[PDB]
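> Experimental coordinates for this protein are included below, preceded by the sequence.
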Amino acid sequence: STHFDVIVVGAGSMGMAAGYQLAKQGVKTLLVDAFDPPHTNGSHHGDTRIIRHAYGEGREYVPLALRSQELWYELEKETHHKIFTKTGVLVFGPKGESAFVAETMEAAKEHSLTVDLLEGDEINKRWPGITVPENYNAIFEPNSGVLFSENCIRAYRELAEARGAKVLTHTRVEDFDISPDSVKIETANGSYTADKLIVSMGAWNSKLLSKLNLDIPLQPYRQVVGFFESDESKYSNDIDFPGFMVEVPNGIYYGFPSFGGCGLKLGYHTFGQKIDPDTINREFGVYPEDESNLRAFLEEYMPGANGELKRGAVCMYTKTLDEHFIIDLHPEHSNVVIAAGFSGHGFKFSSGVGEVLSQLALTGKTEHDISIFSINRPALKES
Ligand SMILES: *Cc1cc2c(cc1C)nc1c(=O)[nH]c(=O)nc-1n2C[C@H](O)[C@H](O)[C@H](O)COP(=O)(O)OP(=O)(O)OC[C@H]1O[C@@H](n2cnc3c(N)ncnc32)[C@H](O)[C@@H]1O
Ligand SMILES: [Cl-]
Ligand SMILES: [Cl-]
């Protein structure tokens with residue numbers, strides 16, 4: 001077993017980023033993961049992830065989004081792994097009927113973000129492959145884009161390990177023992193202690209936070225994505241087809257241009273199966289909704305991308321009641337940091353969250369404004 005300065009439980013999107021930030025500073029860190037990140041059992045696989053700046057979930061996310069983007073460019077320069085591609089991100093929906101589109105526009109105004117505003121046929125004309133009604137409007141963000149999530153984690157890990165961070169893989173943490181001046185974790189592979197603890201177990205936060213005497217409503221969701229054979233002359237990243245997140249009458253959908261002919265990737269954001277991370281069925285197609293919900297969108301808005309299903313993936317969201325993250329110190333233990341409930345839209349922020357967690361762990365404070373992610377906020381229902 002062993003003592004460390006800081007122990008990160010759950011070395012995924014947020015945990016690995018935090019580990020890199022801590023290692024960068026010579027802090028002796030131990031990262032423990034139930035698997036070997038990047039892997040396919042958590043919430044970070046599927047190759048790609050969208051990063052937006054003009055934020056429809058709330059203009060208050062923009063600062064963290066912009067910091068995260070600069071950190072993603074810094075990472076790109078530090079590793080041989082591909083990190084980011086500037087595909088741009090298109091957001092559209094029925095004019096005057098999408099709160100999501102409206103807040104994106106408002107967020108762009110408020111932070112002076114570079115965006116293109118277009119409507120109806122202008123959308124169809126600019127991007128062959130997209131067919132929306134004339135009453136639809138859109139906001140395009142040219143400088144945001146796509147992150148290669150597994151590469152990001154792969155890179156952060158290599159860099160952190162090179163700096164002395166230790167990563168104990170295939171080791172599930174089973175319990176916590178917190179004291180006024182130190183922390184302790186129990187695993188089948190042994191116990192470990194440290195001065196500070198960062199808890200970032202993803203979907204498992206919903207099951208294991210009780211071990212830290214925390215009772216926070218968190219619901220894991222089974223969320224699938226599909227890769228479809230597409231008309232490359234319209235949907236390839238090479239011809240500038242963008243990443244997208246749109247709101248139509250029956251929900252919100254997000255997708256990616258085809259990269260090297262992998263096909264257009266699509267996901268249905270507002271619907272998923274309520275599940276438990278330990279019993280979830282990770283095979284794509286076991287629910288008729290998996291493929292049908294995707295094709296229903298494609299046949300209507302992007303017909304040339306409604307070809308054979310090339311690959312399907314199953315992944316998880318961990319939602320809070322207000323769908324805002326939880327990044328804060330444990331209410332009763334200043335030496336414990338919690339990172340949870342990223343509600344299906346937290347990867348783009350993982351670089352910035354890594355920095356935030358590092359600062360909270362080492363100082364109990366952060367230069368970032370994270371009040372909207374407070375663990376004590378009412379809309380969370382925390383006890
Ligand atoms: C699922 C999903 C999510 C998603 C997305 C598409 C899909 C299908 N597209 C996104 C996008 O385009 N843009 C964006 O910003 N986010 C998007 N997301 C959401 C994002 O992927 C998630 O918010 C993010 O991955 C959350 O990160 P977090 O770090 O919370 O989760 P993780 O990466 O799964 O890491 C948790 C790790 O902890 C380990 N673990 C679990 N239990 C234990 C125990 N007991 N002991 C030790 N380790 C444990 C896991 O193994 C995992 O590695
Ligand atoms: Cl995915
Ligand atoms: Cl999530």
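Okay, I see it. Numbering: from 1, shown residues only. Ligands and ions are numbered 1, 2, ... in the order given.
> Could you list the buried residues of stretch 293-303?
Burial within stretch 293-303, assessed by neighbour count using 16 or more other Cβ atoms under 10 Å, is assigned to 293-294, 296-298, 301-302. Bear in mind the C-beta positions are built from the backbone N, C-alpha and C, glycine included.
> Kindly apply the preceding question to stretch 19-36 instead.
Judged by neighbour count using 16+ other Cβ under 10 Å, the buried positions of stretch 19-36 are 19-23, 27-34.
> got it, and stretch 261-278?
Applying 16+ other Cβ under 10 Å to stretch 261-278 flags 262-269, 272-273, 275, 277 as buried.
> quick one: which of the residues you listed sit in helices?
Of the positions in these, not one sits in helices, assigned by DSSP state H.
> between the residues you listed, which is nearest ligand 1?
Of all the buried residues of stretch 261-278, the one with the least separation from ligand 1 (Cβ to the nearest ligand atom) is residue 267, at 5.3 Å.
> In this structure the closest one contacts residue 221, no?
No - taking Cβ atoms under 8 Å as the contact criterion, residue 267 and residue 221 are not neighbours in contact, 11.6 Å apart.
> follow-up on the earlier one: turn the buried residues of stretch 261-278 into TSV, columns for distance to residue 143.
What follows is those, written out as TSV (distance: Cβ to Cβ, whole Å):
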residue	distance to residue 143
262	23
263	25
264	21
265	21
266	23
267	22
268	26
269	22
272	30
273	35
275	36
277	35
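> now, which of those sits nearest residue 231?
Proximity to residue 231 was ranked across the buried residues of stretch 261-278 by Cβ to Cβ; first place goes to residue 264, at 9.3 Å.
> hang on, the earlier thing: among the buried residues of stretch 293-303, which are in strands?
Applying DSSP state E to the buried residues of stretch 293-303, no entry is found in strands.
> which ones among those come in contact with ligand 3?
When those are checked against ligand 3 using Cβ under 5 Å from the ion, none falls in range.
> JSON lines for those residues, including distance to residue 216?
Converted to JSON lines, those look like this (distance: Cβ to Cβ, whole Å):
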{"residue": "293", "distance to residue 216": "29"}
{"residue": "294", "distance to residue 216": "32"}
{"residue": "296", "distance to residue 216": "34"}
{"residue": "297", "distance to residue 216": "33"}
{"residue": "298", "distance to residue 216": "37"}
{"residue": "301", "distance to residue 216": "37"}
{"residue": "302", "distance to residue 216": "38"}
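> so of those residues, which ones are in helices?
In helices, defined here by DSSP H, the members of the buried residues of stretch 293-303 are 293-294, 296-298, 301.
> and the two most separated of those?
In these, two members sit farther apart than any others by Cβ to Cβ. They are 293 and 301, at 13.1 Å.
> Rebuild the ones in helices among the buried residues of stretch 293-303 as TSV, extending it with distance to ligand 1.
Putting those into TSV (distance: Cβ to the nearest ligand atom, whole Å) gives the following:
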residue	distance to ligand 1
293	13
294	12
296	18
297	15
298	17
301	18
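> so what's the residue lying closest to residue 282 once chain neighbours are set aside up against?
When the adjacent residues along the chain are set aside, residue 282 lies closest to residue 314, with 4.4 Å between them (Cβ to Cβ, 6 or more residues apart in numbering). Under the criterion of Cβ atoms under 8 Å, 6 or more residues apart in numbering, the contact list for residue 314 reads 222-224, 280-284.
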